[PDB]
Amino acid sequence: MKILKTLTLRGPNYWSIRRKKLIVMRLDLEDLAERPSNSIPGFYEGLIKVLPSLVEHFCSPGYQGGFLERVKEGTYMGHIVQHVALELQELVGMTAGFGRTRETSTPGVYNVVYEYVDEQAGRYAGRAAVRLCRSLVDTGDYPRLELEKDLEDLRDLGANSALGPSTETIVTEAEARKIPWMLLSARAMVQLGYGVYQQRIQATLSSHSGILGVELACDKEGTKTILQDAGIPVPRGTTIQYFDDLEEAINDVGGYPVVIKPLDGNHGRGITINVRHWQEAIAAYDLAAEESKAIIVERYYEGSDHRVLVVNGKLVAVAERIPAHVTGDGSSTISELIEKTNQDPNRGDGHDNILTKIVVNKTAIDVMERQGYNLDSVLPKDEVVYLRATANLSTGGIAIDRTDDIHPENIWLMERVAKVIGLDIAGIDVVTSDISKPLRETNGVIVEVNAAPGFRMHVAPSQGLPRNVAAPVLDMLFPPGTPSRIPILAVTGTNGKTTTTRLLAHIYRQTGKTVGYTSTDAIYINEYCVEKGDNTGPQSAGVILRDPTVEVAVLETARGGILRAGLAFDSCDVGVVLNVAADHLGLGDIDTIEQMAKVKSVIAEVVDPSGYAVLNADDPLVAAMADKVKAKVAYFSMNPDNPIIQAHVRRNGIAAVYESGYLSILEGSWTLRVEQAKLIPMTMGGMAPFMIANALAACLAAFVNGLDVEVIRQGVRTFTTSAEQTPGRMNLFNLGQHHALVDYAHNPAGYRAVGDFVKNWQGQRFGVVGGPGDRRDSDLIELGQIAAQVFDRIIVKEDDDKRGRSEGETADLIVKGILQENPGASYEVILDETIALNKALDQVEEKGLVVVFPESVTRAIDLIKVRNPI
Amino acid sequence: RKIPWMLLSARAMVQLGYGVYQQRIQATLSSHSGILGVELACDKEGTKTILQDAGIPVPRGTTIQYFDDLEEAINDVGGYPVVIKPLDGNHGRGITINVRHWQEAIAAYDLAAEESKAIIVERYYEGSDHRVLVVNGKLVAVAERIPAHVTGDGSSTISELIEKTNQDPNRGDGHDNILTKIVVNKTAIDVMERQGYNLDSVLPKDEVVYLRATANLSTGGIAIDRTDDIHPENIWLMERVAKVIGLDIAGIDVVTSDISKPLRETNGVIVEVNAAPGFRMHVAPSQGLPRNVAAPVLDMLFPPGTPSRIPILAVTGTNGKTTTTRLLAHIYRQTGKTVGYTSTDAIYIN
Amino acid sequence: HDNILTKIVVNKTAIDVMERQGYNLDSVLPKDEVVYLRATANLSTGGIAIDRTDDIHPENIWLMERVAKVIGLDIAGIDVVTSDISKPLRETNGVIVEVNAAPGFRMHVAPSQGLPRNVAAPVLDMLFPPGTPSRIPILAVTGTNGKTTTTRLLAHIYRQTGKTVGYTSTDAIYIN
Amino acid sequence: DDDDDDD
Amino acid sequence: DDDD
Amino acid sequence: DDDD
Amino acid sequence: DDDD
Ligand SMILES: Nc1ncnc2c1ncn2[C@@H]1O[C@H](COP(=O)(O)OP(=O)(O)OP(=O)(O)O)[C@@H](O)[C@H]1O
Ligand SMILES: Nc1ncnc2c1ncn2[C@@H]1O[C@H](COP(=O)(O)OP(=O)(O)OP(=O)(O)O)[C@@H](O)[C@H]1O
Ligand SMILES: Nc1ncnc2c1ncn2[C@@H]1O[C@H](COP(=O)(O)OP(=O)(O)OP(=O)(O)O)[C@@H](O)[C@H]1O
Ligand SMILES: Nc1ncnc2c1ncn2[C@@H]1O[C@H](COP(=O)(O)OP(=O)(O)OP(=O)(O)O)[C@@H](O)[C@H]1O
Ligand SMILES: Nc1ncnc2c1ncn2[C@@H]1O[C@H](COP(=O)(O)OP(=O)(O)OP(=O)(O)O)[C@@H](O)[C@H]1O
Ligand SMILES: [Mg+2]
Ligand SMILES: [Mg+2]
Ligand SMILES: [Mg+2]
Ligand SMILES: [Mg+2]
Ligand SMILES: [Mg+2]
Ligand SMILES: [Mg+2]
Ligand SMILES: [Mg+2]
Ligand SMILES: [Mg+2]
Ligand SMILES: [Mg+2]
Ligand SMILES: [Mg+2]
Ligand SMILES: [Mg+2]
Ligand SMILES: [Mg+2]
Ligand SMILES: [Zn+2]
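The rules behind the values
- Residues numbered from 1 in each chain as written, not as in the entry; some residues may be left out.
- Chains lettered and ligands numbered in written order.
- Part of a larger assembly, values for the part shown.
- Heavy atoms only, no water.
- Residues with missing side-chain atoms left out of burial classes, pairs and counts.
- Near = heavy atom within 4 Å.
- Polar contact = N/O pair within 3.5 Å; in protein donor to acceptor, adjacent residues only side chain to side chain.
- Areas by Shrake-Rupley, 256 points an atom, 1.4 Å probe, with all protein chains shown as cover.
- UniProt positions renumbered as here; feature names shortened; annotations may be inferred.
- Helix = DSSP H or I, 4+ residues; strand = E, 2+ residues; numbered from the N terminus.
- Contact = heavy atoms within 4.5 Å.
- Pairing = 2+ DSSP bridges.
- Nonpolar A, V, L, I, M, F, W, Y, C, P; charged D, E, K, R; others polar.
- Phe/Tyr/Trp six-rings, centres within 6.5 Å; stacked < 30°, edge-to-face > 60°.
- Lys NZ or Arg CZ within 6 Å of the ring centre and 35° of its normal.
- Buried area = accessible area lost by both parts, 1.4 Å probe.
- Salt bridge = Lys/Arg side-chain N within 4 Å of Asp/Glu carboxyl O.
- Axes fitted to C-alpha atoms, helices over the stretch in contact; angles between N-to-C directions.
- Patch = residues over 30% accessible without salt bridge, like charges linked within 9 Å, V, L, I, M, F, W, Y side chains within 5 Å.

- The deposited coordinates for this entry were obtained by cryo-EM, with a reported resolution of 2.70 Å.

## Concerning the site of ligand 4
Residues and elements named next belong to chain B.
- Every residue near ligand 4 is listed here: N319, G320, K321, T322, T323 and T344.
- Contact between ligand 4 and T322: an oxygen atom at 2.5 Å from a side-chain N or O atom of the residue.
- In this structure, an oxygen atom belonging to ligand 4 sits 3.2 Å away from a side-chain N or O atom of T344.
- Expressed as a share of its isolated accessible area of 620 Å², the protein-covered part of ligand 4 is 38%.

## Details of the UniProt feature "binding site: Mg(2+) 1" (unreviewed entry) in chain A
All names here are of chain A.
- Feature annotation in UniProt places "binding site: Mg(2+) 1" (unreviewed entry) on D429 and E448, given in this structure's numbering. Taking the farthest pair of C-alpha atoms as the criterion, the annotated set spanning 20 residues converges on one region, since that pair is 5.0 Å apart.
- Relative to the helices and strands, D429 is located in strand 17 (residues 426-432).
- Excluding residues within four positions of it along the chain, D429 makes contact with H306, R307, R321, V445, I446, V447, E448 and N450.
- Side chain to side chain, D429 and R307 meet in a polar contact 3.1 Å long.

## Re the pairing of strand 3 (residues 99-104) of chain A
- Of the pairings in the sheet, the one linking strand 3 of chain A to strand 4 (residues 109-115) of chain A comprises six bridges and is antiparallel in character. For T104 of chain A, the partnering residue across the bridge sits in strand 4 of chain A and is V109 of chain A.

## Some points on the interface of chain D and chain A
- Listed by partner, the interface residues are seven residues for chain D and 18 residues for chain A.
- Partitioning the side of chain D that touches chain A into residue classes produces no nonpolar, no polar and seven charged.

## A closer look at the side chain of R713 of chain A
Residues and elements named next belong to chain A.
- Within the secondary structure, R713 is located in helix 23 (residues 709-718).
- Looking at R713, its side chain comes within polar contact range of the main-chain oxygen of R673, at 2.8 Å.
- Those residues in contact with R713 that lie beyond four places of it in its chain are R673 and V674.

## Some details on the packing of aromatic side chains
Residue and element names in this part refer to chain A.
- Scanning the model with the defined rule gives nine aromatic pairs over all chains in all.
- Centroid distance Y242 to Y285: 6.3 Å. Interplanar angle 85 degrees. Geometry classified as edge-to-face. Here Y285 lies in helix 9 (residues 278-288) and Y242 lies in the loop between helix 7 (220-228) and helix 8 (246-253), a separation of 43 residues in the sequence.
- Sitting above the plane of the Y662 ring, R673 keeps its charged end 4.5 Å from the centroid.

## Looking at the interface of chain A and chain B
- Tallying the contact residues gives 33 residues for chain A and 31 residues for chain B.
- Taking both sides of the interface into account, the surface hidden between chain A and chain B amounts to around 2,600 Å²; carbon and sulfur atoms contribute 64%.
- Applying the counting rule to chain A against chain B returns five salt bridges.
- As a salt-bridge pair, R187 of chain A and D43 of chain B come within 3.2 Å of each other at their nearest N and O atoms.
- Seen at the junction of chain A and chain B, the total is ten residue pairs in polar contact.
- Of all the elements in the fold, those that place two or more residues in the side of chain A that touches chain B are strand 7 (199-202), strand 8 (205-206), helix 6 (211-217), helix 7, helix 12 (408-421) and strand 22 (528-532) of chain A.
- By residue number, the principal contributor to the side of chain A that touches chain B is helix 6 of chain A, which donates five residues.
- Of the residues contributing to the side of chain A that touches chain B, the split by class is 16 nonpolar, nine polar and eight charged.

## A closer look at the sheet that holds strand 7 (residues 122-123) of chain B
Residue and element names in this part refer to chain B.
- Strands sit in the order 6-5-7 across an open sheet of three strands; the sheet is antiparallel. Of all the strands in the sheet, the pair left with one neighbour each is strand 6 (96-99) and strand 7.
- Pairing of strand 5 (residues 82-84) with strand 7 involves two bridges; the strand directions are antiparallel. Looking at strand 7, one finds that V83 is bridged to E122.
- Against the sheet, helix 4 (residues 102-112) contacts strand 5 and strand 6, and its axis sits at roughly 165 degrees relative to strand 6.

## Thoughts on a nonpolar patch on the surface
Residue and element names in this part refer to chain C.
- Side chains of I75, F105, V109, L124, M126, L127 and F128 sit close together on the surface and give an oily, nonpolar patch of about 580 Å² of accessible area.
- The leading source of residues in the nonpolar patch is helix 5 (residues 120-127), at three residues.
- Relative to the assigned elements, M126 resides in helix 5.

## Focus: the site of ligand 3
Residues and elements named next belong to chain B.
- Around ligand 3, a shell composed of 14 residues is seen, among which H91, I97, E122, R123 and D129 lie nearest.
- At 3.1 Å from a nitrogen atom of ligand 3 is found a main-chain nitrogen or oxygen belonging to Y125.
- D129 is positioned such that a nitrogen or oxygen atom in its side chain is 2.6 Å from an oxygen atom of ligand 3.
- Notes on ligand 3: free accessible area 630 Å², of which the protein chains cover 80%.
- The residue inventory of the shell around ligand 3, partitioned by class, reads eight nonpolar, two polar and four charged.

Here it is, written out as structure tokens:
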């Protein structure tokens, strides 16, 4: 079994709208394609003993024994590897269950689709499923160590990409509130929201956290000084720069019950909490002395250690922290008591459970010795011994919710502290014997203000009720009543996407907003080019969505991007589907028109229920998508009498139709005329029906999304694709009642491009200037026959500058074809496209149209000037 | 503008305004400067990565963690005209600007090697060094910086030319005058030697010799105001850079041959975004007109139409002050506002 | 109001109008000659109304809006005499004859020629501007037992937000 | 869509 | 009127 | 930290 | 710096 190609999808896609995270593996069953289980002796017992958990897979026998009941009845391998990849991820804790298989290409090549949680772990599991499955169809078993090592690699891959718990907490609430989020490439930041409404977070810091407040909170002297100047209670203390001045500091502080901290910070290290004697002052000093050089000799205050969380100048949560400890739970020793309580089902590992394990070490002993105890001593009933100097959940301590027990005056004081320092999200470290009484009555103090505090102790307390800490954070970032998203208008369909996209962006721009858009030519913001080249697909959509200045996004969406990686945006306000056609069938595993319709319908199905889908009522496959759409539906057509439109407006729907020479909007019984087709420059004087259809789609999308008609009129009137602005695409020459249209053609589609004007031209003569260059195979006679059946003024120029085919031989085949079908069309032969055939247009009578397909458009559009065009 | 100000006791901060309308500043950082934008601006790889993802032109380059991989980096970058910077920062130190030969790549490496361990082997871009100041997502000032130099002002030697121009009345000391003095030292010589000159050589008429690798007013260079010569597309791009990084007040370091043409036409690049930029070069340029840089700063801190002060009611007299003060505070309090007051008994808030 | 137009009636007043034009009911008209049967135009008397909304010159639009503001009317009909509504009134020597308070809408919503206009939509937009509510919250309480108690408590809770709360019960109707 | 079907 |  |  |  060989893997030929792998795709990773991230967003709504062909296989599923909801299953955003999928891996599509193109698997070549060189062997096995001819062996449906029962042709592979041992491929049941080996499969079930290696992966016994496969008994939990249903498959289409929609019952518990379905897989493993369809494995006896013969099954081809490309279907099994899909149940192995899903299970290998489940075995390591990543839940995935969706999957599908389809045969493609030549016999034996399958598309295996499965769900993933982590992107690299998913791809790994796929490759591993193939190895496991191949060994079991070669031999009858799979080495245990070759399974255990793979499960270890999956466990590590899924760990390395995990978000920390404070970010998971914010992100989870953001999803509940429908706020989109993205990881950014730098500094582990996460973006919340789109365009101008975006916010950024990094763990517990946000886009609203100021630098001055954060730096002040990290400066212990600065914090103490600024708070005592504000009348806020702080501990009494002084400074010694590693000199033996300890004997003096103690006297200013007020006595021996003192605290000695390291002069610089190193987390919870080098700290002595309750010095009672001179020799202890010395030992404390020696530890403080380990760090770099007024946090020396503070008065010791009695009470419990409380953590207060304040989010936007408002209190959110309070918890009491207690150090790891044991109590005199009968006449047992401390080491016995520890084993008894360290078996509690709520303890173990880390972020796996509420509490972690109590560990006896030299530091537990050092703490116990100061209390008059050691590990082999028996405690008096209900006596408590601490095994740690400080409280921390990660070291085996506990956290008790006390949020509702805090006195109103203390609430006021904590909020004032956060505002004085200047922090939005702040943790405040308070020492007090009773949080339910004012700090002035209990002689409590504020020990420290902490920027970027963690949330674990408040969202997962060991006693008391959990608090939703994230909700107050998202409320400051995205206040009630404000948006987190900008409008997205997504345009798809087989033909006309680029034209519709540029017009729609132009109309929005007339409202004065910053409009970003992507197309097959470039990425633009307000007429500045950001990037050039084919910029369709999710990588470009992300440039616009992450851009802090963009107010509206207009995105052309191609099948390439959908089939290769899904959509970049999840949902949108307007989804426009212009048409479905048999163009690019056979590519990307889409062989039929019915399948192509499912690729295009992805846009219609991601429109938000409050939004609209804009469908083409003149297209049988597109109109039919209306029955899948959860959104409102608007329709457009070139025929006001289309039964779909009539049934729709009679139920007060909205539609855009071409009628009486006007582009108009039908809104129930009322008709709003926008403009005349002949007065809108993109429309070739009113003789190019597809340009009219594209204008209708853009006008309707702007209308249903709330733009006024006057704005729409201004936008359609001033929009351009002028000759020598966008040369090379349909350059029309109006020379009074004389016409010429210059475009490029190679194959029949290019000739058709102007053949459409010819069919609709309201005049007397229909001519043409050549057609193919030397870029075509010997279909010159056929192209000549086509011209004969279209035109009655056909002039030959097939002797170009490139000369890939000698000289005039190209023309000679055209001449045979044109004379064969219609030997009476002014068949002059010039063989000069630089100074003659694109000049000699005076050979064609009044109201004559000449179709021009030069090898070089830029040149032809200049020579045609000899006849004085507009 | 009549905004009251105070020094605060910590970290050299200054408070502007009273009560609920107060703002704080510290030099060129303010109460509106976010930490994430400031830290990102100090991370050269982070800045480069985030900007190139946004479609913003930055120099091409790579990383070597003090291994002799120089010979390979040069080939991905595109040739020998390269720039080698120290892996960590130490102001304007350990930097070689235009490596032309292999032995220079080695010398450059040895200097880069002095600091802690992708700012190695960038392509060298030609043009002048321009500093752009953006304050609230809007452009305020642009200035062109030129390194200390002398020119062929007659058939004189470089040491003679230096004494001639270092006597200019606009030069001396520091923050005392517009320009400082040109100093000849071993580093002026090292820079001159690379140009084919030394202090006792005579320059051809109008030939220019640089005495410094980089431009800095404090080392004797000059600053030319070019604020009105910047092209509208370049204005748009600079404002977009400040918003992508997330800075309110930002300096942007740009290399270009012509600030009056789009950077894409001149093949210019953005070299660096600087948080907390200084203002001297914009408020005291050596050529061109001075700009009022502070005015745009105060306008974001105290937007037009908003107060910077809270009402103050002061009560005095020989008798009855305390009684009058408590009653007046009580009356204001009935409007639901936070009222602070002081008396001979205590200080109260609500 | 059954159809777009009403009937033409010949009466002594049609004759009086025709006599002033040199005609009467038994006279033959020259090809394409027009004779009026009424002194003034009114749909209710058999006349016609032609929509000309898109043919009005920008300067004339400005002037009409200025007239309504000078008089002080929100909804106003303005009676204008002109040979060409597509040219400024100063070029055609047109005049404004009258401003009409409380004008009718029939001629604009049911014209005999041209396209009908949704006249009501601009009226409702001034009365209830986009983005504003037209309703207040309604909390309805039912069930076999406990309605009165639940109703008084719920009204009490809303009242703590400072809003005017009205409620009805089996005891009385109250407001605040 | 809806699970591990190859129906 | 009512309907002028 | 990141998580104070 | 303080003054970049
Ligand atoms: N003057 C004091 N009186 C009583 N207890 C104190 C005093 N100062 C500090 N503590 C306690 O000792 C511990 C020391 O916290 P500290 O201020 O030094 O921050 P830290 O230890 O450096 O970092 P961390 O919070 O992660 O432990 C806290 O649990 C606090 O409750
Ligand atoms: N319905 C249609 N709308 C617009 N152009 C059409 C349509 N049908 C056929 N065409 C022809 O095909 C060409 C399509 O050009 P266009 O760029 O606007 O579509 P496109 O979707 O961007 O193609 P692509 O997938 O390569 O981006 C036009 O030049 C026109 O001559
Ligand atoms: N790729 C490059 N091409 C051309 N010139 C460059 C390039 N990179 C840097 N420079 C120039 O070299 C100098 C180096 O500035 P740098 O980015 O390394 O910040 P710094 O030197 O560490 O600190 P400082 O701004 O105070 O000098 C600048 O004057 C800049 O104009
Ligand atoms: N005009 C006055 N208003 C109020 N108290 C007065 C006045 N004249 C005399 N007294 C007497 O003197 C006392 C002044 O008390 P009060 O505290 O209100 O004034 P005070 O300005 O605060 O004094 P101090 O300067 O010590 O603060 C009152 O108890 C009262 O008995
Ligand atoms: N679920 C209940 N809730 C409240 N009261 C109840 C309930 N079940 C029984 N009762 C009894 O019946 C009485 C119902 O009084 P109450 O006025 O609140 O209901 P009510 O709907 O207003 O009756 P009514 O239809 O006459 O208005 C109470 O006094 C109580 O003693
Ligand atoms: Mg602490
Ligand atoms: Mg700390
Ligand atoms: Mg296509
Ligand atoms: Mg396109
Ligand atoms: Mg710099
Ligand atoms: Mg720098
Ligand atoms: Mg006194
Ligand atoms: Mg007093
Ligand atoms: Mg009237
Ligand atoms: Mg009247
Ligand atoms: Mg009842
Ligand atoms: Mg009742
Ligand atoms: Zn299956």
